[PDB]
Amino acid sequence: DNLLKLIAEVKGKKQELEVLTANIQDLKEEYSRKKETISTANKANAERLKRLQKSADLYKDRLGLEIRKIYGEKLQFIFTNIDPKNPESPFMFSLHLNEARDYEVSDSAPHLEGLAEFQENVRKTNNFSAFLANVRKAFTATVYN
Amino acid sequence: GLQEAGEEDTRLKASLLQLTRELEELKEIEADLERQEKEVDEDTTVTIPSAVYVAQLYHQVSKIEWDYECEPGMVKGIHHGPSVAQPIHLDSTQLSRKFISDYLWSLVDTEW
Amino acid sequence: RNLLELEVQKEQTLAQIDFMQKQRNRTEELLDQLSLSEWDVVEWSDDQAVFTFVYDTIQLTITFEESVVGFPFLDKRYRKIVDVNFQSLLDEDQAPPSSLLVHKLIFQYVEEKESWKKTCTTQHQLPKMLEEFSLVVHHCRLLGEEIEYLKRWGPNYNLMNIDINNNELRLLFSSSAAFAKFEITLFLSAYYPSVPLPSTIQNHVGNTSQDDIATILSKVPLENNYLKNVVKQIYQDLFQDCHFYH
Amino acid sequence: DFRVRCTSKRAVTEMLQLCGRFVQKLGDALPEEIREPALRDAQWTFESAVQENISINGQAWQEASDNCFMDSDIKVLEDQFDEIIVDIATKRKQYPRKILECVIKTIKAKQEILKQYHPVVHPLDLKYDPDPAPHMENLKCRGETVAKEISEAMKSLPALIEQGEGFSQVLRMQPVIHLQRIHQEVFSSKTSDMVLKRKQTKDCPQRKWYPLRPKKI
Amino acid sequence: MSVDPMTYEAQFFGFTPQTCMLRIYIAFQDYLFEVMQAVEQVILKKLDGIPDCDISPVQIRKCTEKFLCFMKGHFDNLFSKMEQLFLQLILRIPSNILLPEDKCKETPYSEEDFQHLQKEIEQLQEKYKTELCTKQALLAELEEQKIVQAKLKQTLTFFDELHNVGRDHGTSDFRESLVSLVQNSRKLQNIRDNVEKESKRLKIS
Amino acid sequence: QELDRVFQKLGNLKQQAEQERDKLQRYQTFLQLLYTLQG
Amino acid sequence: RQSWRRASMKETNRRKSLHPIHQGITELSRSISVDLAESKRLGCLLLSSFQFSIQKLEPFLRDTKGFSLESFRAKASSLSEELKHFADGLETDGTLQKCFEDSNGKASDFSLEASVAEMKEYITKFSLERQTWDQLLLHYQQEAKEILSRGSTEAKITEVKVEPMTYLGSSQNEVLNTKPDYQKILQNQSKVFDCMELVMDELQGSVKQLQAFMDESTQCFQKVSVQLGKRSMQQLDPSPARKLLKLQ
Amino acid sequence: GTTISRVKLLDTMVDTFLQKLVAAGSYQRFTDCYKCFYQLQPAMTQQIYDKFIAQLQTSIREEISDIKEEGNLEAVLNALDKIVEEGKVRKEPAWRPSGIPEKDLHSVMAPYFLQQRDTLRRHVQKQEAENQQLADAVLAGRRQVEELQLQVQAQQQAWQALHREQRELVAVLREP
């Protein structure tokens, strides 16, 4: 009677706990596969970044030029291996894309008046290689001053 | 079996409490997995645009393609600066960085 | 039922679209097969047509009679030409002598066909005149190419120098192997190479005489590469086995 | 000469002897004492008086003998012979000297004229009608030009050969460099006008020889 | 008898010996006649001196004529003898004796030798002129040879200066320069062929 | 709704057909002028 | 100057006979005219001699005792008349005229005519000899004077060109005959200059061909280099700078 | 005997002639021929005979002396004696005139022609000797001209040898 109702209640509570914990283990398995996928994605992206960093470091080392990004949406170019007395002298200039979708030089090292003379030409020709070759030549001339 | 049914009832409601603790541990694992997923996305997005475009800008500025699978301390590659491309074959073990950089920049065309 | 009918109409429209696109592709292929003529038609209009001959250096402007108002349904083959125009786009300041010679000869032919103002009045005779002109154009351009070839590979055939004055053409042959040096002057015409060339020889060094040159000229057939063949035959007859002495 | 011109001596002698007795007949009247002497003296006187007036062959009686010799012809012939002997002897003695003098004069004159004989032989004039001095100068200028050009060519050709070798070497490492993983990752990717315009319009190589006008602005 | 011309004696003495002999004869007979006539005149004047001269002039003249004939015959004989004496001894020139004027005639000279000598002299006269003309022609030939040699030297120094000019502008040897250029051209042609092949392969692929 | 969507699609296809028909006469008259000029 | 000839002494008078005692006997012929015939002259001379003898004997013997002088003259005249008749008769018979005829004593003559023939031969020979002598003298003197006169007219500047036959007898005939041509060498010099110019033209042409050759080679190299550069460039973006800068 | 002079021979034979003539004219013959007058006065006949002999002999001596005077006989005979005594060596007959002047004059005019021939021979020999040297110079000049021409030909061939290399280069740089 009442005891039968109570044992029926406990049996119901039994298989409900069993089902719920079973779905808990199912979600545990899904979580483990998710974390495995996340970890392997991390490893793959990290290896790709390491290869890219090796290439960029080779470029920076051989050329001496160092390209970095700084706040204010500025791209900072640092030229070294120019001054013979110390090749570690950083000859830096900052280029940034303006509001009008145009490149423009920000500064130099030291304060050099040959800022625009290359920026109009790089705006028109869009020749970055010759632009930076001319910039390096200007820095070299500035060194001997 | 009133008392037996009651003691069994206590046992399984306890089983509910341990399985709910397992569920909350699972939920904190869910938060953990979400934070690593966001970290993956942020990392990849930063890395690939940044590194790929920095390398491509380096190469565009230099017009130089390196031989990455060469022996270390051995500058090898192709210079597209001159009108006729010429092979870069230097040796950093005998040449200073100053000379190497100056020579590499010399081969770059300065004409606008 | 309405939805089914609209779907059937849409399918029929798509089939028509595919059919006309296939027809377009076939038409474009037929064009690409037949875009290999001597002349280029840059512009046509209901009143004016424009043709550009070799490498866009010669402009042929055809000007038609104004279309009659109210009767656009008449045959397009009956349109009346009112003015035929020839123009040269060559930059004479930096043009090489071969280019100037080609343009001079082709305009000599044009002035020879000064009657084209009265001959070509309707659209029927326009293609025939086009062929008549284009043949001479092709021949003259081939002659210019021959001139450039001989200006490049002349010394291989002992032809040291070529000078382009008015229609005369001076070929300077010299070779110390046969101790022969002479200048052959060739009177070129718009009818090259069909018309025989009235050549003359000036013997600078050696005993080379006119008869040998005339025999060599008559030997060479009057066909394409006539000048190149004459040069080759002259080298063969006078210098091929003479230079073998080493 | 009134004396009688006779030719015969014997006849005159004999006729006087015949006339002798005509004178001798006178002696009959002479006295005997002087008969013969006086008569013979008279006879001799008669002979003398008749003989002194007789010329024989143009000569005197006592000079012309009894012989019939042609005395005048003999005398003139002998005189001519002696004169011709003397003349020819003088000629033999004298003429050779003058002959020798004339011979000497002729010999000396011949020697002098032979000495004075001057033959003239002008050398044949060699013609210089083509003067090669401008030709030589032109040849030298051209040879200088080509010498300079050949020196430049031998200097330049090895440089181009080296450049071509380097470019071929670039070509041969281009694929292997392109196969590098790092390289691959880095380099990962109105009026009614019927235009009647076709396709395939480009700057053909023949444009080099046919420069179009820049609209003649 | 043959009369001796005596041309050689006449050439020596200048006169014929017979002339002087006959003049001596006439002088001797004239002197004999003169002396005998003088004696006759003396004897007649002596007869005229004495009275009644019985010696008639006729008788004494006959005696003188006889005595004259006596001397005439004897004188003729003796005079002929002494004329032969002259002609053999005094006026005679020995056959082995030559006059000084004929001293050049001692050696004979045949006419043929004289003609040969004349011909030889004429031939030598011709030869002298021939040799003079030959010498003149040889001088002309030397002058022409000198001119030709001068032209040849001019041409040779032209080549020498041309070679020096070529050397002064790098190329001292054209043949080796051409050989090196040919070799380098072949090498560059090989390089160009390789380059064209690789470029075509890149184009297609 | 489905009928309206199909009608809109049919109208768009008809507009495309009209555009292609207008663009057809271009190459058609082009080609037949090249025929007349070539012969 | 003076040299005696036999003719020089014939003119000198000689005496081959004694002068007679009697004088004027030679004048008896003078007193007789030559108009009479020579026979009459002989008769007159003989008669004159007879009278001269009579008149000479008339006083010679007057001293003799007794002298019939008158009868002597009478008989002398009578005998003179008779002697004139006798002379006339002797003239008539022709024997008186015989004094004018010559005999023929050839017995003593033949040697004399032989000697005269020898003399004629000798004088003819000597006349020919002196004629030849004179001819030789005139020939030689005329030759000498002609040579002298011709030489005097000579000695001017008479240049004579020499014909080749003059050198035929020359000692150096071979050298003269073998004289090489010299103008041909001068022409060959210009020929050599011409052939050098032809070689020069050949050299210029070869240099021009080589120049065009490496020019073409350089153009080919540059074209392939820019093609390779474009092939390398095709993977990159048009501008890495914009993409890098736009990063946030 | 010694060589007696001609004038002395003449004098001796003239004296002998006078002696034999006066011997022929004996006094006994003289008186026999003149017996008519001799019968009257023989003495005066004797002196007149002596006068005749003396006068004739004196006349003969005067004549011979005179003729020797104008005839220049003594000097000519002495010169002849000198000529015969200098030329007595020759025994063979001496030369005599031939009768033809040409052969007589040949001996006279031969030596000078011989001298002229000798002089002309010397002159022509000297000219030939000079012409020998001249011909030697001609030969040397011809040899030098030939050598110079050969040198020019060598230079020409050296410059023309470039043809093989030029044709080889043309072969290397061949037309398309």
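Visitor: When you look at the overall build of chain G in this model, what are you seeing that I'm missing?
Guide: Scanning chain G from terminus to terminus reveals eight helices and zero strands. Reading the secondary structure of chain G in the N-to-C direction produces α-α-α-α-α-α-α-α. Against the compact-globule benchmark of 18 Å for 248 residues, chain G has a radius of gyration of 72 Å, which places it well outside the compact range. Its C-alpha atoms give chain G principal-axis dimensions of about 240 × 40 × 35 Å. Pairs at least 24 apart in sequence give 47% of the contacts found in chain G among residues at least 6 apart. On chain G, roughly 14500 Å² of surface is accessible, and the fraction owed to carbon and sulfur atoms is 55%.

Visitor: Looking at this structure, I do not really get the interface of chain D and chain G. What am I missing?
Guide: Where the parts come together, the accessible area they lose is often given as the size of the interface. Taken together, the contact between chain D and chain G spans 96 residues of the former and 97 residues of the latter. Buried surface at the junction of chain D and chain G, both sides included, amounts to about 9100 Å², of which 71% is carbon and sulfur. Contact with chain G buries surface across chain D, with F2(D), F22(D) and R142(D) losing the most and accounting together for 7% of the total. Remark: the boundary between chain D and chain G carries eight salt bridges. Inspection of the chain D/chain G interface yields 22 residue pairs in polar contact. Secondary-structure elements contributing two or more residues to the side of chain D that touches chain G are β1 (4-6), α1 (9-24), α2 (36-51), α3 (71-116) and α4 (133-178) of chain D. It is α3(D) that contributes the most residues to the side of chain D that touches chain G, 24 residues altogether. Its residues placed into classes, the side of chain D that touches chain G shows 56 nonpolar, 18 polar and 22 charged.

Visitor: Please explain the nonpolar core as it appears in this structure.
Guide: Of all hydrophobic cores here, the largest spans 67 residues; its most connected members are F51(C), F53(C), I62(C), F133(C), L171(C) and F173(C). For this core, the element with the highest residue contribution is helix α4 (residues 125-153) of chain C, accounting for 12 residues. The two domains that each donate at least three residues to this core are domain 1 (40-147) and domain 2 (154-245) of chain C. Not counting the four nearest positions on each side in its chain, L171(C) is found in contact with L159(C), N161(C), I162(C), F182(C), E183(C), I184(C), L186(C), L227(C) and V231(C). Among the nonpolar cores identified, the runner-up in size contains 64 residues, and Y8(E), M36(E), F70(E) and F86(E) belong to it.

Visitor: Would you explain the domain arrangement of chain G in this entry?
Guide: In terms of domain boundaries, chain G breaks down into domain 1 (21-60 + 68-101), domain 2 (122-151) and domain 3 (184-227). A C-alpha centroid distance of 63 Å is found between domain 1 of chain G and domain 2 of chain G.

Visitor: What should I look at first to understand the state of the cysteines in this one?
Guide: A covalent bond between the sulfur atoms of two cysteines is referred to as a disulfide. All names here are of chain C. Within the structure shown, the criterion is met by zero disulfides over all chains. Free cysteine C120: the closest other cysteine sulfur is in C140, separated by 18 Å. Among the residues examined, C120 registers a relative accessible area of 2% and is labelled buried.

Reading the values: rules and limits
Residues numbered from 1 in each chain as written, not as in the entry; some residues may be left out. Chains lettered and ligands numbered in written order. Heavy atoms only, no water. Helix = DSSP H or I, 4+ residues; strand = E, 2+ residues; numbered from the N terminus. Rg over C-alpha atoms; globule rule 2.2 N^0.38 Å. Contact = heavy atoms within 4.5 Å. Areas by Shrake-Rupley, 256 points an atom, 1.4 Å probe, with all protein chains shown as cover. Buried area = accessible area lost by both parts, 1.4 Å probe. Salt bridge = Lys/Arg side-chain N within 4 Å of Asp/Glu carboxyl O. Polar contact = N/O pair within 3.5 Å; in protein donor to acceptor, adjacent residues only side chain to side chain. Nonpolar A, V, L, I, M, F, W, Y, C, P; charged D, E, K, R; others polar. Core = buried A, V, L, I, M, F, W, Y, C linked by side-chain atoms within 4.5 Å. Buried < 20%, exposed > 50% of the residue type's maximum accessible area, 1.4 Å probe, protein only. Domains from an automatic or database assignment. Disulfide = S-S within 2.5 Å.

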